[PDB]
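Novice: Test case, fold it:
(chains A, B, C, D, E and F)
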Protein chains: 6
Amino acid sequence: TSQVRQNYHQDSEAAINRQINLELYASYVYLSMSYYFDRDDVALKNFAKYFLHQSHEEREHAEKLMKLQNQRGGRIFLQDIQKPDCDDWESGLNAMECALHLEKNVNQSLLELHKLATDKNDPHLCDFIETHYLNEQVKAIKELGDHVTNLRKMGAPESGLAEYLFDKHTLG
Amino acid sequence: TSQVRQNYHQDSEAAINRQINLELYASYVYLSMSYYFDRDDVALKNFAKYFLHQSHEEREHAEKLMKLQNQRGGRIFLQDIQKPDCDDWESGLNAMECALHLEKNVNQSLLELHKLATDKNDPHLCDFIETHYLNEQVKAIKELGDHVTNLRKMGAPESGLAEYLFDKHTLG
Amino acid sequence: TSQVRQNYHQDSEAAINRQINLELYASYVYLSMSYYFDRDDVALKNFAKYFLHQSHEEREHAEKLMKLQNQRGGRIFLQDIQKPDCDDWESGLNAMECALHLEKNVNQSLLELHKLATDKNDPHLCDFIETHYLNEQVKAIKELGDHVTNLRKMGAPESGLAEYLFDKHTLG
Amino acid sequence: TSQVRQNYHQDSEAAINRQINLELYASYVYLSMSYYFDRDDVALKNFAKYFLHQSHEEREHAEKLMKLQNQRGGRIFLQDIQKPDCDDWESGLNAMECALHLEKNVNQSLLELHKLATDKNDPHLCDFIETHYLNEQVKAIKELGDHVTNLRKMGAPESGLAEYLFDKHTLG
Amino acid sequence: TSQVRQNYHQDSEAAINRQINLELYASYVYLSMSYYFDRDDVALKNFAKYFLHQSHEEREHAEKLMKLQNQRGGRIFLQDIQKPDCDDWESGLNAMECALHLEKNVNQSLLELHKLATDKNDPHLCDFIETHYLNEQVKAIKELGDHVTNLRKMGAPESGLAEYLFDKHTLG
Amino acid sequence: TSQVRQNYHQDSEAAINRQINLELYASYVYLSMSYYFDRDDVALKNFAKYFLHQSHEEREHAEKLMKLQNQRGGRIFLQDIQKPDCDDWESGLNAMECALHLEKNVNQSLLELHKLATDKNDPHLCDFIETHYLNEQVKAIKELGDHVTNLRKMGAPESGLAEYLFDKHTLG
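Specialist: Residues are numbered from 1 along each chain as shown, chains lettered A, B, ... in the order given. Pasting the structure now:
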């Protein structure tokens, strides 16, 4: 047992490992989206740039948790990264939609994490999730919801002209 | 079939995809290595920083291949990222050795790739592999072989004073 | 025979001359395309600038081979520059398409030039074509394919509003 | 018929096309002369630079006429660029003499163009040739006439020393 | 056997040591020539300065192969440096001529080395020679040929005036 | 016989030629030592840097003598540079010691040279050697003697930890 562990539960340590692997998967999803728009038969250079940033930040969110797990005395245990369920992301609107579906599932895992931290009376882990992740998620779900609303009103995905300008005017 | 595909064989398009999953695997490995030294019961901050840089650079190498795939008209087909075969990396010298075994296996995959490109008479992919990857790998195999030599001559891993100073004096 | 000629085959010298005229022909073609868009009934200024640039760059590639011919001790023999097959390039999407066909035709010549050097065992003329032309050719083809995909997806050439905005947002 | 054409004759539109192709020919000859002095058995770097600049300026003159054609409502119709009559330019003097022979033939075609616009009562095309070309030619013919005088008096082409110092002291 | 050696053949390690000893021999030749022109009865400071630089660059070429050998796991085995075949370099034209004859013999050794790396399926050793040495030689052979041509047409070595202006106007 | 030779004895001239080949030998020796530590199984980058600078300096003293020889009307006659007696330099202490034995051998030669000049009554050759070589040698002998004392007292060569720190703290 670690010398720095204090009021850090076995259930809290296991759940963070599972969350580490979740962030890492989310990064592998955004990277998969990012370079689909890089294709010659897609060619939307600001969609590809938008999703390449999101994948870099999921990388960091996973790196912050593996700092936390070491900070409290727990032990990191990694798992396979499952590939994204899709290889072809259809369009820019379908891509923004599935990302919105991806950030709500990570939110749920986080609200369930914060929830275990309360049952365990772990207020630091409580305030660590509150500070670095919770508000960051709602800001992301709102941002994606704004992008999805803009594309649908502009005529996406049936109107190819609409996705072109949104790549230039909103993501540019 | 793509409109920009020219002199780009199906066997070359399949091998790049596998190589993408190989580099991403290597990135996940360094991420596992980097944060093992972040643990409170290991605590070598410049080993942890060393392998976190390598993971970002393998991330970027895989990102450079997905660009090429789209450049030549190919189609990216991703796969699961298998976890590293180890959760505990023992010591600092056992970590530099396992990265030296890693880079020589990726080098092999790049030579076999540079072969197939010669056989399919694809001298661009040949010159792509030569320019961005082959010499980068030899520079990495040589740098890891330099550290393992220094660590062993200092008394690693049995002497805890050795990996401390090497952390400070070479990796710092 | 020149004093500096070493390991430079007669067939290699002839094919370099044939590659010089082919570069100058492509320069002429981009010169035709450019001022077609300068016409008062076409009036797409950025399409006319984008193709002016590509003409000078073919002018510069042709000069780089003329420098090479004098380096290895060869002799430059010039030939007529045939006029481009078309005097009217229809639209902006037709023009981009014709450029994609052109650049793939030059690449084929460059790949057939690399094979001849490989047979002749001319490893410098090999690494010359590898370094200065092959990667450049793949980068131009990909860019003309990105454009054709965008113009097509915006409704070109049937929608005049699409070519206008692509003149402004992408090429501007 | 164009919407901008006004007081622009069919005989003047055709004559500008024939002038475009003559400038472009004068560009191909200076390019031909340029890299003849790049040859290892010639090796006169300032001659090669001198004639390379002349090649670019002919290129730019033909551009300006292609601009003019589109400005007045005409239509550009390109022809083959016939190769230079010589592949070997003998000496630095013979290259200056033949360049002087070239500019007077182009001058003749320009006066003949000026002349045709007069009978057409096309005063804008008259002043265009006057302002951009006619005085440019006379300065070029005179400077070319100055170099042929100097080279002849120094002892060219029978004294190779003479062509070397001119290449270093005048052209440098 | 070394811990970093991988796909590095015995014959290629032996050929590099023979190459190293050849580059160090070229350095001694340029150093010999350099201070010949420093002699009070020759007194060409810029010829002395030109060949001293070439002497420092051959040294650095030898240094880079000694770095390559250690990078790949091979070992450096050194041999005697044989003195130049000449102590008196006659004149400025005879020095540029024999330097030209030296660089084509070093060139051949490089092409025979690239030749060996390909039979062994060593693409890294291939591109290492390609990138650092092959194109550097062809430029040097062409430059030296340019000096040999310029000296001959000026009247060297029979005209002592000619070697003096070259010393000033080209090498200075 | 030279026009600028005055009070320069044939026995002095022959000795300078022998001293030139002795310095170049010393530069070759430091060239061997320096890339020994560059090896992946030695890997002391500062030991390698220390001896590379010593090789360039011995290269330079040999150039100052070649300048001297031409000044006094002497004629440089070069000889084969013998290879160093050893290809492997064992350790970092063994390399410092062998450098101390070399320098004292070069010193002995210079003292025998200063002597011979006094007997031929050449005070300028005396003051030359006095100024540029004698005081330099004693300083290098003392510096090398300081490095050998430190390494011995720190436990070299048996303690690999010693050679590493002295590589960092003294040579770094």
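Novice: For the residue of chain A found nearest chain C, the count of nearby residues, please.
Specialist: Distance from chain C to each residue of chain A (C-beta to the nearest C-beta) is smallest for residue A:160, at 3.5 Å. (Each C-beta comes from the backbone N, C-alpha and C, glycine too.) With neighbours defined by other C-beta atoms under 10 Å in any protein chain shown, the count for residue A:160 comes to 19.
Novice: Report the contact partners of it.
Specialist: Applying C-beta atoms under 8 Å, 6 or more residues apart in numbering or on different chains, we find residue A:160 in contact with C:152, C:153, C:154, C:155.
Novice: Can you pull the phi/psi pair for the first one?
Specialist: So the one you mean is residue C:152. Main-chain dihedrals, residue C:152, degrees, to the nearest 10: phi -60, psi -50.
Novice: I'd like to know the phi and psi angles of residue A:106, please.
Specialist: phi -70, psi -40.
Novice: Which SSE is immediately downstream of the particular helix or strand that has residue A:35 in it?
Specialist: Per DSSP states H and E: residue A:35 is located in helix A:10-36. Toward the C-terminus, helix A:10-36 is succeeded by helix A:45-71 as the next helix or strand (DSSP H and E).
Novice: do that following helix and chain B meet?
Specialist: Yes - applying C-beta under 8 Å from any C-beta of the partner chain, one finds helix A:45-71 touching chain B at A:52, A:59, A:63, A:66, A:67, A:70, A:71.
Novice: The fifth one and residue B:38 touch, don't they?
Specialist: To tie it back to what came earlier, the one meant is residue A:67. Yes - between residue A:67 and residue B:38 there is a contact at 6.4 Å, judged by C-beta atoms under 8 Å.
Novice: and those two? which has more neighbours close in?
Specialist: residue B:38 (22 against 12).
Novice: in chain A, what residue is nearest chain D?
Specialist: Proximity of chain A to chain D (C-beta to the nearest C-beta) peaks at residue A:161, 27.9 Å away.
Novice: Just want the phi and psi numbers for the nearest residue in space to that residue that is not next to it in sequence.
Specialist: In this structure, residue A:161 finds its nearest non-sequential neighbour in residue C:154, 4.8 Å apart by C-beta to C-beta, 6 or more residues apart in numbering or on different chains. When read as degrees, to the nearest 10, the backbone of residue C:154 gives phi -90, psi -10.
Novice: Near chain B, which residues of chain A are found?
Specialist: Selection of chain A residues close to chain B by C-beta under 8 Å from any C-beta yields A:2-4, A:24, A:28, A:31-32, A:35-36, A:38-41, A:52, A:59, A:63, A:66-67, A:70-71, A:73, A:75-84, A:87.
Novice: Would you show me how to pick out the buried ones of these in ChimeraX?
Specialist: The following ChimeraX line selects those of those that are buried, judged by 16 or more other C-beta atoms under 10 Å in any protein chain shown:
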select /A:24,28,31,32,35,36,38,39,40,41,52,59,63,66,70,73,76,77,78,81,83,84
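Novice: if I look at the residue of chain A closest to chain C, how far off is residue A:171?
Specialist: Counting by C-beta to C-beta, to the nearest Å, the separation of residue A:160 from residue A:171 is 16 Å.
Novice: Same check on residue A:90?
Specialist: 17 Å.
Novice: For these two, indicate the residue with more neighbours.
Specialist: Each of residue A:90 and residue A:171 has its neighbours counted (other C-beta under 10 Å); residue A:171 has more, 16 against 13.
Novice: residues of stretch A:17-28 that come out buried?
Specialist: Buried residues in stretch A:17-28 (16+ other C-beta under 10 Å): A:17, A:19, A:20, A:21, A:22, A:23, A:24, A:25, A:26, A:27, A:28.
Novice: what's the neighbour count on the residue of chain A closest to chain D?
Specialist: Residue A:161 has 20 nearby residues by other C-beta under 10 Å.
Novice: show me the residues around it that make contact.
Specialist: Contacts of residue A:161 (C-beta under 8 Å, 6+ apart): A:155, C:153, C:154, C:155, C:159, C:162, C:165.
Novice: Of the contacts of residue A:160, which is the most crowded?
Specialist: residue C:154 (24 neighbours).
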